[PDB]
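One-based numbering, in listed order, for ligands and for the atoms of each. Only this structure's heavy atoms are used, side chains among them; waters, hydrogens and symmetry mates stay out. Naming: A, B, ... by sequence-line order, numbering from 1 per chain.
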2 protein chains.
Amino acid sequence: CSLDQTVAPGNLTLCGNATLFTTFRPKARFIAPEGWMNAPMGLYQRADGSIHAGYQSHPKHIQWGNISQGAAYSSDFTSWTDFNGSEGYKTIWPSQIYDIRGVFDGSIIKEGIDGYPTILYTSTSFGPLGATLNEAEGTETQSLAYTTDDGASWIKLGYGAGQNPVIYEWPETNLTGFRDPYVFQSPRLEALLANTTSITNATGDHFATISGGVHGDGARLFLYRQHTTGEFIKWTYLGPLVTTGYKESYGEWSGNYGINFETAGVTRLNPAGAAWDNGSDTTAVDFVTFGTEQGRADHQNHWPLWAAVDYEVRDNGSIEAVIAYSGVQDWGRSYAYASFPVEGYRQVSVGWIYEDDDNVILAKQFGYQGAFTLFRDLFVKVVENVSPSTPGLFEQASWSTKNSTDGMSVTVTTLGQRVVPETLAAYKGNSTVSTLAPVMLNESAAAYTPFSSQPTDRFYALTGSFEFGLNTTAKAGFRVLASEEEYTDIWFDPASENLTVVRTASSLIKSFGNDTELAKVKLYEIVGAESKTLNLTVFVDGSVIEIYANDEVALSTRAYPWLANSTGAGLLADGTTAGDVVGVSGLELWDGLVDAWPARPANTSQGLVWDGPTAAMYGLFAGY
Amino acid sequence: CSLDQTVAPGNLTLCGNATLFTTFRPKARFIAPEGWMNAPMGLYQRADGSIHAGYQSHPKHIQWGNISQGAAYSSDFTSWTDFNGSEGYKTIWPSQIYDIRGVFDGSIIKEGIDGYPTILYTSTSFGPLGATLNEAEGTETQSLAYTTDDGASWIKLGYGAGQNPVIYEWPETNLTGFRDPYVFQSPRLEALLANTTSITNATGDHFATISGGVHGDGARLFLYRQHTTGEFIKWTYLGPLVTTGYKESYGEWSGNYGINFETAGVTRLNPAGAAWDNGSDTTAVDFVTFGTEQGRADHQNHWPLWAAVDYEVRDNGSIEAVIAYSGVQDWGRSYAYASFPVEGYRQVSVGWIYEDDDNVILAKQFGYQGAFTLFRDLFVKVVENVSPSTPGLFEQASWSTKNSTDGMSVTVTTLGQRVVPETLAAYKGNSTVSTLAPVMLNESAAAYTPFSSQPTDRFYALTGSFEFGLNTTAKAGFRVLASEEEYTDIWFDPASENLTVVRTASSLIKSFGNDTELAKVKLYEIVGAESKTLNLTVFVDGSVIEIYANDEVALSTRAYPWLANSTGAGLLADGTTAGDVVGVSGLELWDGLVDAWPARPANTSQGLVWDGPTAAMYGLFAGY
Ligand SMILES: *[C@@H]1O[C@H](CO)[C@@H](O[C@@H]2O[C@H](CO)[C@@H](O[C@@H]3O[C@H](CO[C@H]4O[C@H](CO[C@H]5O[C@H](CO)[C@@H](O)[C@H](O)[C@@H]5O[C@H]5O[C@H](CO)[C@@H](O)[C@H](O)[C@@H]5O)[C@@H](O)[C@H](O[C@H]5O[C@H](CO)[C@@H](O)[C@H](O)[C@@H]5O)[C@@H]4O)[C@@H](O)[C@H](O[C@H]4O[C@H](CO)[C@@H](O)[C@H](O)[C@@H]4O[C@H]4O[C@H](CO)[C@@H](O)[C@H](O)[C@@H]4O[C@H]4O[C@H](CO)[C@@H](O)[C@H](O)[C@@H]4O)[C@@H]3O)[C@H](O)[C@H]2NC(C)=O)[C@H](O)[C@H]1NC(C)=O
Ligand SMILES: *[C@@H]1O[C@H](CO)[C@@H](O[C@@H]2O[C@H](CO)[C@@H](O[C@@H]3O[C@H](CO[C@H]4O[C@H](CO[C@H]5O[C@H](CO)[C@@H](O)[C@H](O)[C@@H]5O[C@H]5O[C@H](CO)[C@@H](O)[C@H](O)[C@@H]5O)[C@@H](O)[C@H](O[C@H]5O[C@H](CO)[C@@H](O)[C@H](O)[C@@H]5O)[C@@H]4O)[C@@H](O)[C@H](O[C@H]4O[C@H](CO)[C@@H](O)[C@H](O)[C@@H]4O[C@H]4O[C@H](CO)[C@@H](O)[C@H](O)[C@@H]4O[C@H]4O[C@H](CO)[C@@H](O)[C@H](O)[C@@H]4O)[C@@H]3O)[C@H](O)[C@H]2NC(C)=O)[C@H](O)[C@H]1NC(C)=O
Ligand SMILES: *[C@@H]1O[C@H](CO)[C@@H](O[C@@H]2O[C@H](CO)[C@@H](O[C@@H]3O[C@H](CO[C@H]4O[C@H](CO)[C@@H](O)[C@H](O[C@H]5O[C@H](CO)[C@@H](O)[C@H](O)[C@@H]5O)[C@@H]4O)[C@@H](O)[C@H](O[C@H]4O[C@H](CO)[C@@H](O)[C@H](O)[C@@H]4O)[C@@H]3O)[C@H](O)[C@H]2NC(C)=O)[C@H](O)[C@H]1NC(C)=O
Ligand SMILES: *[C@@H]1O[C@H](CO)[C@@H](O[C@@H]2O[C@H](CO)[C@@H](O[C@@H]3O[C@H](CO[C@H]4O[C@H](CO)[C@@H](O)[C@H](O[C@H]5O[C@H](CO)[C@@H](O)[C@H](O)[C@@H]5O)[C@@H]4O)[C@@H](O)[C@H](O[C@H]4O[C@H](CO)[C@@H](O)[C@H](O)[C@@H]4O)[C@@H]3O)[C@H](O)[C@H]2NC(C)=O)[C@H](O)[C@H]1NC(C)=O
Ligand SMILES: OCCc1ccc(O[C@]2(CO)O[C@H](CO)[C@@H](O)[C@@H]2O)c(O)c1
Ligand SMILES: OCCc1ccc(O[C@]2(CO)O[C@H](CO)[C@@H](O)[C@@H]2O)c(O)c1
Ligand SMILES: OC[C@H]1O[C@@](CO)(OCCc2ccc(O)c(O)c2)[C@@H](O)[C@@H]1O
Ligand SMILES: OC[C@H]1O[C@@](CO)(OCCc2ccc(O)c(O)c2)[C@@H](O)[C@@H]1O
Ligand SMILES: *[C@@H]1O[C@H](CO)[C@@H](O)[C@H](O)[C@H]1NC(C)=O
Ligand SMILES: *[C@@H]1O[C@H](CO)[C@@H](O)[C@H](O)[C@H]1NC(C)=O
Ligand SMILES: *[C@@H]1O[C@H](CO)[C@@H](O)[C@H](O)[C@H]1NC(C)=O
Ligand SMILES: *[C@@H]1O[C@H](CO)[C@@H](O)[C@H](O)[C@H]1NC(C)=O
Ligand SMILES: *[C@@H]1O[C@H](CO)[C@@H](O)[C@H](O)[C@H]1NC(C)=O
Ligand SMILES: *[C@@H]1O[C@H](CO)[C@@H](O)[C@H](O)[C@H]1NC(C)=O
Ligand SMILES: *[C@@H]1O[C@H](CO)[C@@H](O)[C@H](O)[C@H]1NC(C)=O
Ligand SMILES: *[C@@H]1O[C@H](CO)[C@@H](O)[C@H](O)[C@H]1NC(C)=O
Ligand SMILES: *[C@@H]1O[C@H](CO)[C@@H](O)[C@H](O)[C@H]1NC(C)=O
Ligand SMILES: *[C@@H]1O[C@H](CO)[C@@H](O)[C@H](O)[C@H]1NC(C)=O
Ligand SMILES: *[C@@H]1O[C@H](CO)[C@@H](O)[C@H](O)[C@H]1NC(C)=O
Ligand SMILES: OCCc1ccc(O)c(O)c1
Ligand SMILES: OCCc1ccc(O)c(O)c1
């Protein structure tokens, strides 16, 4: 095992455990100290204003198992500190018959048991577990724990009748899944159900959704309501909130609804952020965010989706969320988005970016797997004065359209996503910022033009505004993590409406994934404009490439170039001519970003362990 | 619910939980503070000379489940003190994937991990578990924990490769069971195997047996040897120590070997107690004690047995224990005998006496189930100068015979059992002792003759020596827990060699068992004697009746008379005449015994709880 990054990589499978720990590792984002991580969980803003973030964690292993809550906190979403207790950075772990198979995803009741922050989580026990298996009742239940020390530790309710688990009966037979309880308050749903509370007797101020589906018949999001305010044991099943068909797709802009939901949440937004009105705010929109499984050929069969919904009240005192329009939260290698309320009328969302090493070839050599996305403010994106000649505008696929009185302009509404401003300010202020001169890409443009200032390492951000002619057939974008021999190309092609990440040359190491990423982006053309504009921002963070377009489209992916000098960046141009010109302006490079874990040393590996021959006997976890 | 014990019992199933807690409860023996108990476990003499006793425990329930080690200690086997920690009187409980289904029976390595007392125990996980089910590998494994505070708490080794569980591979396929590891030192087995240690590489000073069997092919006791002295992770399977046939019986004196062994142990005894020689002591005998299942029509299909064995060394460096003669450790409602070494060359044995409420009719009303037997010294019982005309003497069924040179007398050898002298001394010294006049039972004997002094409550001991003619057809014995309307009759019938306990009138409460208990007793006739003698001792302790005959035969059973005055005792006589006389002498009543738990109040119930609907979903425990 040579770690010489000035020559071609050897056979890196001969390298020892965690010998590649720092090589490709993100530094500017949320990531576990070591080992396996997946979904964010237990997210809440604490009483002191700081953010508590949990995550599905399996320390000292590089595959999933014994899944536990790891945790950390931050005053600004950006610089983090690990909890450190009797179980290291873990704060909840399998310990009881009802959760011994795994402490799955859960969410926070901020004023819960005895007034303390309380987590409702999926407690898993023995038996087949999965949407393509014959799962039985009891294997996935929902349980409570509360914290008296602001998340340093959690105390579970006792096992038994009238205690944990608190939700265990399946609401319908033959479920594909029954997990990821999302607890939320909703003046909107309270107002809608107020006339029906005699029917169900559920009058509490908290709601909870549970994610799943029905065998052969598509995904389901099940709605529960807390039975009585101030009491947390009894949750009354109302009915299915979202019902979709077996591998139903709303279309090209909307992924696929698969066979089963995971990590679903419910929110209400307006143009400024979170909306806490009862329906009276006409600018507010109800949204559901959700993962789907087995509706995709790649990306581990997973889509992270969202839908704008219109609520209808059923005669039995339940709510049907009718999908109005439907989109994608991130088009790349990310999943398990969780959102939570933040002071100042914000709803903040964060997901999990998985690696691109599906065959587990270098996972032990890394000594870790997984990271978070950046934290994102959600809001209703509104585009005014949209030209009706915008191609495809009235499909209304992942957006709504509203005509002006005279029919000559349109107001477009969709889900907005942007990186939280605390992170952008910290990144910029800690970086070496280079403000670059605008560039016209014409007949003289090379295929690749390096920026006049270059990154110094694999931790940087780029931004640029690309102005295209309305009938362009040119392509443009950014190349990142680039040397002569390795590079990753981010292209936008307005004629096809496709944002792609081409990774055929991303790395000399052939075991990592090299498939092309794709997102659809609609450039809403403005009345009177003779051009259309793509604002593209890219974060490069170790192996993470996280792309944002027009505060709307997100695409997270991975690139693992071997060579030490594969860090460069610049502009891409294809089919630009004297007549078909792409104007690039607002160009800026931020080199360095932020050290997101200042108390951590560079190498926080504690080694890896094997569970031994019993792992295969129990059959629950891979064991490593 | 009336608790008026001066009138007939009502419908006692209407009584609340633990309302009958003190009514039938033993006071003079080892018993849990409340709830379910079964097998003794983790027995050892601590460094200060006190005795540590563990037991299978399920607090606040009256059926088995979440099975844990409850524990207590005593300086004299007789007066006990509960441990009290974070889990009350529990000291080991299900907590890890490998033991979450139950912390089953285990035994003590006195100088174990880091020099501390260490328990090797059966750690159980998910799946079918039982001799009549299709159990798989992993469901029962063997794990270590050690104590740094003399049994107040135990620390388990970590889960994983080279740690817990330490024994998990099945030594043969299709096992009926794989549990109850019994760890022991044996100069005898070391000496026998010394010439074969090149074959196996196992040279440690501890051995361990694991109890089980093979589907369709009878029970097995598997022998392991510690691989290396001072190291406790690696245990090398040598081979089957005891192999018996599917429901094989050695005969009427020997119970039945069933289909599977439980709680088996290995010891070496001589006439004084424990023998620690290497084979050089010609008076010493190797014994195996073991439970068998599914070889009995009643008594919950369980026999607690023992066998004298002769060890043979196999060519592969293992030991075959060849059964020389085979007997019964207790003929009544007891099981799960554990034995352990005690200073002064003693081996002490103790078992579990179950209730006689198989249909679970009044278990909740009790608020507890189960107790221990008394603690018993084991030794080789030797009877000299036995007459060869003793009927059946040369069947050698549960004994051996050795002729004198002249063939006119015989030395009989068998397993001896007697109550530990510490308990007998404490019982007698704390009791009101009545020494009774000898009685000849002849033509004038009533069927029942009360003793001249009577017990004052349900806590007493009796003793008597019954002298019979060599061709008697008379019967005699003791009646206990007796009023006019309720009584329990203990008879010996020398013509049939049957000691019986007739329980047809034991209680007015009809839900308790009333079947007749039976033990075989051989009266070894002495050369020149014109009579044969039965020394019979009976302990009455709440509902326990525990009978000992000739320091050899033990029979534990239950009687639950309702009436407050059903406490009397006296002599029984049947078919005694002027010519067929039974002489009774050495008669003594000890009224009161000892309060075995002086720190406990009378009612130590903490109520009962239900596990809720998930108990049936998981399917592992009854849930109450
Ligand atoms: C199989 O058997 C298993 C083992 O028995 C069993 O698991 C056990 O289940 C029981 C029963 O559910 C659990 O008991 C509960 O424990 C809760 C506390 O849990 C936390 O703390 C304990 C104890 O912590 C001490 O000890 C440890 C270990 O040494 C130390 O690390 C600690 O520092 C601490 O040490 C101090 O105290 C020691 C003695 O206790 C001293 O020795 C020492 O010197 C120190 O001073 C921990 O062990 C727990 O850890 C475990 O669990 C966590 C998850 O929770 C895991 O992460 C971890 O790995 C461990 O597994 C944990 O940290 C108690 O709160 C709880 O008691 C409440 O509930 C019951 C009702 O069920 C009531 O009877 C009781 O009165 C309590 O309720 C009151 O309190 C709260 C307020 O605090 C109220 O919400 C409630 O309404 C009520 O209020 C009352 O009082 C109010 C105020 O006065 C009043 O106003 C009200 O009106 C009202 O009257 C209960 O005891 C036990 O933790 C489990 N143990 C383990 C190891 O798992 C398992 O379930 C069984 N399985 C099956 C299938 O049956
Ligand atoms: C799924 O995830 C689960 C959760 O992660 C996981 O379970 C956990 O597994 C890990 C790994 O196996 C366990 O970690 C071990 O813990 C042992 C100690 O266990 C006891 O103590 C802990 C901690 O107790 C503190 O905290 C609790 C809780 O607050 C308090 O109640 C205590 O009072 C105590 O508090 C003090 O300390 C705190 C911080 O630690 C402070 O906050 C506080 O202020 C106090 O000061 C308890 O939690 C344990 O309870 C649990 O387990 C018991 C059963 O054991 C249950 O009954 C109970 O209900 C709980 O479930 C328990 O009481 C450690 O000894 C052990 O560390 C040794 O082993 C590892 C090797 O594996 C070494 O890395 C390490 O160095 C240690 O080895 C050395 O030490 C011993 C000597 O002591 C030697 O034998 C050994 O050779 C070695 O010696 C070294 O040092 C020598 C001297 O210097 C030197 O000479 C030698 O040469 C050598 O170098 C390890 O940390 C963890 O307990 C589990 N936790 C739980 C909750 O279950 C589960 O396995 C996972 N499942 C799967 C399927 O993967
Ligand atoms: C005395 O001790 C017992 C523990 O043994 C305490 O708890 C009770 O245990 C018994 C089992 O011994 C439970 O009986 C079972 O009940 C279920 C149905 O229960 C439902 O209906 C009840 C009647 O109103 C109700 O009390 C229950 O409410 C509890 O449970 C829910 C969770 O489901 C929880 O949310 C509540 O807060 C309560 O904790 C519940 O709604 C029944 O299906 C079982 O039937 C089987 O067994 C019986 C007997 O053989 C048989 O007849 C059936 O055919 C079937 O085989 C079983 O009857 C009882 O529910 C428990 N009660 C509780 C927890 O309140 C009991 O509390 C102790 N008493 C006191 C005064 O302390
Ligand atoms: C690096 O990190 C790993 C954790 O990932 C550390 O532990 C090793 O993990 C790997 C899995 O990643 C284990 O590989 C498996 O090994 C078994 C066979 O193991 C046996 O033979 C080994 C070779 O000598 C030996 O080391 C093992 O000894 C350990 O385990 C026993 C208990 O069985 C215990 O008593 C000992 O004390 C040791 O702890 C053992 O005897 C093999 O069956 C597995 O095969 C599967 O997977 C591979 C890979 O896909 C495949 O090729 C097979 O076809 C099959 O699919 C697997 O190879 C390895 O055994 C673990 N080694 C240990 C625990 O020592 C590792 O230690 C870390 N290294 C360092 C230097 O820290
Ligand atoms: O829910 C997202 C799907 C997903 C994606 C990758 C996984 O992750 C990787 C990425 O290459 O694939 C491997 C699993 O085959 C895993 O070792 C690795 O971390 C995974 O466990 C779930
Ligand atoms: O291993 C001894 C067999 C045995 C005997 C009785 C049991 O015990 C009793 C006694 O009536 O039977 C009942 C089980 O049906 C149990 O509630 C009760 O304690 C038991 O669980 C195992
Ligand atoms: O770590 C768990 C969290 O990860 C999520 C989101 O990816 O997916 C469940 C993944 C999963 C794990 C084990 C299985 O047997 C299975 O079929 C699917 C959540 O649904 C969940 O709470
Ligand atoms: O509490 C356990 C201890 O009790 C013993 C002795 O009676 O028997 C096992 C009883 C048993 C429990 C659960 C089962 O599924 C089963 O088939 C038998 C031991 O073998 C053991 O360690
Ligand atoms: C980068 O490193 C490679 C390999 O060491 C070298 O060939 C190349 O000239 C370097 N510089 C580049 C590609 O700009
Ligand atoms: C790389 O090394 C592995 C052993 O880890 C070996 O199996 C594989 O064939 C090697 N690949 C080569 C030499 O290309
Ligand atoms: C309410 O009605 C809906 C629509 O038929 C149904 O799916 C749901 O199960 C009902 N809720 C109940 C029975 O609680
Ligand atoms: C909206 O405007 C477009 C363009 O003028 C027109 O084709 C369409 O019919 C209008 N829709 C409505 C509902 O008026
Ligand atoms: C650098 O980042 C830190 C950590 O997020 C932040 O608090 C600080 O304000 C930043 N420095 C600037 C903007 O100068
Ligand atoms: C015992 O009590 C019963 C019922 O109260 C009574 O009939 C009887 O006379 C009493 N004394 C006896 C049986 O010696
Ligand atoms: C005793 O009470 C139970 C209720 O616990 C009842 O079912 C049974 O029939 C009663 N037996 C009688 C009255 O004999
Ligand atoms: C014993 O105590 C328990 C628990 O407090 C109580 O429910 C029960 O009625 C008591 N029984 C007696 C006989 O005092
Ligand atoms: C040793 O031989 C015996 C007798 O055939 C056999 O039962 C046992 O399994 C053998 N031991 C091994 C293979 O370790
Ligand atoms: C033992 O003694 C009996 C009675 O004298 C006799 O029948 C038997 O043959 C003797 N056995 C041996 C082995 O000498
Ligand atoms: C009474 O019993 C106690 C407890 O076992 C014992 O220590 C004491 O010696 C006994 N009293 C006597 C024999 O007088
Ligand atoms: O096909 C869209 C035709 C059209 C309708 C109204 C407009 O204002 C427009 O610019 C184009
Ligand atoms: O049947 C036993 C005959 C017998 C042999 C030797 C004796 O010493 C005896 O008393 C009887």
Exercise. Which is closest to atom 7 (C) of ligand 21 in terms of heavy atoms, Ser409(B), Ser387(B), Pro388(B)?
Worked result: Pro388(B)
Exercise. Are a donor atom and an acceptor atom from the side chains of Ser543(B) and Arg558(B) found within less than 3.5 Å of each other?
Worked result: yes
Exercise. Quick check: does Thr78(B) get an N/O under 3.5 Å from an N/O on ligand 19?
Worked result: no
Exercise. Should you measure from each heavy atom of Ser79(B), which atoms of ligand 19 turn up under 4.0 Å away?
Worked result: 4 (C), 5 (O)
Exercise. Do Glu34(B) and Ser605(B) have a side chain donor and acceptor closer than 3.5 Å?
Worked result: no
Exercise. Which atoms of ligand 12 have any heavy atom of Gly407(A) under 4.0 Å away?
Worked result: 2 (O), 4 (C), 5 (O)
Exercise. Heavy atoms of the protein only: does one fall short of 4.0 Å from atom 1 (O) of ligand 21?
Worked result: no
Problem set entry | Nearest protein heavy atom with distance in Å, relative to atom 5 (O) of ligand 19 | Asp76(B) OD2, 2.8 Å
For this session: List every atom of ligand 19 that sits less than 4.0 Å from any heavy atom of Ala425(B), numbering the atoms from 1 in the order shown and giving each element.
Result: 13 (C)
Problem set entry | Heavy atom of protein closer than 4.0 angstrom to atom 11 (N) of ligand 12 | yes
Seminar exercise, completed: Near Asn403(A) (heavy-atom distance under 4.0 Å), the atoms of ligand 12 are 1 (C), 2 (O), 3 (C), 8 (C), 10 (C), 11 (N), 12 (C), 14 (O)
Exercise. When the ring centroid of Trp80(B) is compared with that of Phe375(B), is the distance short of 6.0 Å?
Worked result: yes
Exercise. Do the ring centers of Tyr354(B) and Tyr335(B) come within less than 6.0 Å of each other?
Worked result: no
Problem set entry | Donor-acceptor pair between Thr463(B) and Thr537(B) side chains, under 3.5 angstrom | yes
Exercise. More than 12 non-hydrogen atoms from neighbouring residues, nucleotides or ligands closer than 6.0 Å to OH on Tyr311(A), yes or no?
Worked result: yes
Seminar exercise, completed: Note: ligand 19 atoms sitting under 4.0 Å from heavy atoms of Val594(B) are 1 (C), 2 (O)
Problem set entry | Nearest-neighbour protein heavy atom for atom 3 (C) of ligand 19, which is reported as residue plus atom name and distance | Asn430(B) ND2, 3.6 Å
Exercise. Which ligand 21 atoms does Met408(B) reach within 4.0 Å, using its non-hydrogen atoms?
Worked result: 8 (O)
For this session: Please determine, by modelled atom types, if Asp457(B) and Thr567(B) share a side-chain donor-acceptor pair under 3.5 angstrom.
Result: no
Problem set entry | Protein contact of atom 14 (O) of ligand 19 - nearest heavy atom, named by residue and atom, plus distance | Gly429(B) O, 3.7 Å
Problem set entry | Residues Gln417(B) and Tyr337(B): side-chain donor-acceptor under 3.5 angstrom | no
For this session: Take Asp541(B) and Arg29(B), measure what salt bridge (charged side-chain N to carboxylate O under 4.0 Å, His left out) needs, and give me the verdict at the end.
Result: CA-CA 8 Å; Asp541(B) 190 3; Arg29(B) 63 186 48 237; 2.9 Å; yes
